[PDB]
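Just one chain is shown here, as C-alpha cells, and it is the form deposited in one PDB entry.
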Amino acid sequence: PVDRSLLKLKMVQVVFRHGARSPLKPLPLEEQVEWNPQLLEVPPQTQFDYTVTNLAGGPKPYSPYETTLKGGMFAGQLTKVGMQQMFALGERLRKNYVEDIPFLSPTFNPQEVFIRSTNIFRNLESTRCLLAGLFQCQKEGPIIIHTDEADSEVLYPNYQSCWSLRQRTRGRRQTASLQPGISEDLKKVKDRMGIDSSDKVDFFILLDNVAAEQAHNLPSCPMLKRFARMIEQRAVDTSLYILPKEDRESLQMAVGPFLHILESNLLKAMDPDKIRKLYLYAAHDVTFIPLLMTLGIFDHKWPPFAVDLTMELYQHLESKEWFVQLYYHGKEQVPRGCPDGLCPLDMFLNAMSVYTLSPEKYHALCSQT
C-alpha cells in the first residue's frame, strides 16, 4: 500500500468548461424569460488584466463566434453568475494547491502557469475569473492566454477541419433526433410545452435553455423545469448516438489531439527552465463528453457549467515511482485501465494511448487521402 505522505505533487492540469451563460438560441415561443444585460456587469472581485496571443505567439486570431434575445442580452454570453462560478473554481484550486499545500505561489507567476483557451470570449473571461479566484488578483507578471485559429483548434472536436470525422458522424447526426425513444420524448416535450411541430427543435436547444435558466434561477415555464432531467438525459442520448463509445476512430479524431496534449505535459516531467507547475485549458461541453468517455469516467450527465477535470501528477519520494490522480467536478475518479484512484503513470498512459492522436497521425486520419 502507498503512503500518500511520501507522495510529492509535481504537475497539475485542469481542463474546464466556461461558467453559466445566456443560451445560444432561445426557444420558439411567444413568452420567453427576460435576459437582462445587467447580468453582464463584472463583479469587481473578478477583475484581472490579461492579453491574448496565438499558440506562437504572436497575434491573436479573429473570432467567428450576433443574436440578441428578449431583454436585450446577446446569446452565448458569460454572465456574473458564470463569472462567480469560475471565480469559485479558482478559489477551490487555491485551497488545494496554494493554502493546504504550498505547491503554487499565492501570486500568479507566468513561469509556473501555462494558459490556453478556445478563441471564444466567454472562455477567455471564464479563464480570467478562475485566475482571479486562484491568485486573488495578484500577479508577479503579465497573464498571457494562448489560443489557436478556429480551423486548427483541438480544444473541441473539429468537424470543419477533420473531414473523416465529419464523414463518419454525418449520417447519425442527420438522424439523431429521429431515433427510437428520443423522437417520442421530443414530440412529447414539444406537445406538452405547446411548441409547434413547425418549429425545428431538439434536446440540445431545450437543454441549452433549461440549463441557462436554471443556472440563473429565472421564471421558467414550469413544464420546462419539470422536464429538465429527461431533457438532459435525452440530450446526452442524442450526443452519444452521434458519437458512441464503440466508435473508436471517431473518438480518436474528436478528443485525440487534446489527450495528446495532456500526455505530452505528463511526459515533460520525465525529463528544466521550461517546466510549468499548472496547465489550464478552457474548453466546452462537447469536449468533455468524449473526453470523459475515452477516460472511461463519463457519468451520463451533461457536463455542467464551470465543471473541471483535474489531473494531478505525483512522484513517490522513496521509490521514485510516478502516479496520476484524476478528479471530475471535485470527485475522485478511477479511469479505465487503472487499479484505483492513484494510478501508476505507465498504466495511465497505456490506457490513454488507446485514444491518443499525435498531430501527424491526426492530420493523416482526417484527410480525404
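Definition used throughout: the rigid core is the maximal C-alpha set that superposes within 1.5 Å between two forms. Shifts are known only where both forms have a C-alpha. Residue positions are given as counts along the sequence shown, with the first one as 1.
The entry models residue 271 and residue 272 with a gap of 4 to 9 deposited residues left without coordinates. According to the entry, the deposited sequence places 4 to 9 unmodelled residues between residue 65 and residue 66. The mean Cα B-factor in the deposited entry runs higher for 357 to 365 than for the other of 5 to 13 and 357 to 365.
With 199 to 207 and 108 to 116 compared on mean CA B-factor from the PDB entry, the stretch scoring higher is 199 to 207. Highest C-alpha temperature factor among 310, 333, 45, 315, as the PDB entry reports it: 45. Which of 85, 175, 169, 160 has the largest Cα B-factor in the deposited entry comes down to 160.
Among the modelled residues of its chain, residue 345 has a C-alpha B-factor that falls in the lowest third, as given in the PDB entry.
In the deposited entry, the Cα temperature factor of residue 265 places it in the lowest third of its chain's modelled residues. Among the modelled residues of its chain, residue 239 has a C-alpha B-factor that falls in the middle third according to the deposited record. Per the PDB record, residue ranking by Cα B-factor puts residue 193 in the highest third of the chain. For residue 325, the recorded CA temperature factor ranks within the lowest third of the chain's modelled residues.
There is another form of the same protein, the form deposited in another entry; it is not shown, and what comes next is about it.
Compared between the shown form and the other one on the core, the listed residues 140, 149, 249, 199 keep their C-alpha shifts below 2 Å, save 199. 196 to 200, 339 to 341 are the runs of at least 3 consecutive shared residues whose C-alphas each shift by 2 Å or more between the shown form and the other one once the core is superposed.
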